[PDB]
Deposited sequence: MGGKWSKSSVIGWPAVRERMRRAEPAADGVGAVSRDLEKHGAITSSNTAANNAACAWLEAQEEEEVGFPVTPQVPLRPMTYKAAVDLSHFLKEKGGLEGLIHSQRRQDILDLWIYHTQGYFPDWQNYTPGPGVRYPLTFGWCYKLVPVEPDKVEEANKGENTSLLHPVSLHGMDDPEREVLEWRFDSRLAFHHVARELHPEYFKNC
């Protein structure tokens, strides 16, 4: 992970006629025994803190691209399905759906990543949208 982040941090900073129709080699291979799972609370918490500690995400302006870079990085390097970094719909502050993920998106809607430790304890998104859960 650890050497991984600075690389992908820059990638994220960087981000921000016809569609080149894209071609397939059909299908979705599964690497035989490597297990894949949804993000866990502890992992989300650890990572939140790691990124907080190392910096790079705090106050970064959010885009789907930039998020995608992040999620895929975690996916390849850690085996977490990249369906975890969703946030509540706005407008306003967007709260993460994954309890443990200590970042949120705050309008500065042009939003940005903001760390908030309360989120490791108050699952706001669940209050706001119990149906999602």
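Residues 1-8, 25-56, 149-178, 204-206 of the deposited sequence, counted from 1, carry no C-alpha coordinates in the model.
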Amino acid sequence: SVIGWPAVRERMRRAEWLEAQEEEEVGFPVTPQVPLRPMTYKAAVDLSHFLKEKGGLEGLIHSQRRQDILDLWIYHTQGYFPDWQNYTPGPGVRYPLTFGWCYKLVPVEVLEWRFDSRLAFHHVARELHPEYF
From here on, numbers count along this sequence of modelled residues.
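As recorded in the PDB entry, 48-56 is the stretch of 96-104 and 48-56 with the greater mean C-alpha temperature factor. The stretch with the higher mean CA B factor, choosing between 22-30 and 37-45, is 22-30. Sorting the modelled residues of the chain by their CA temperature factor places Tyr75 in the highest third. In the PDB entry, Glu112 places in the middle third of its chain by CA B-factor.
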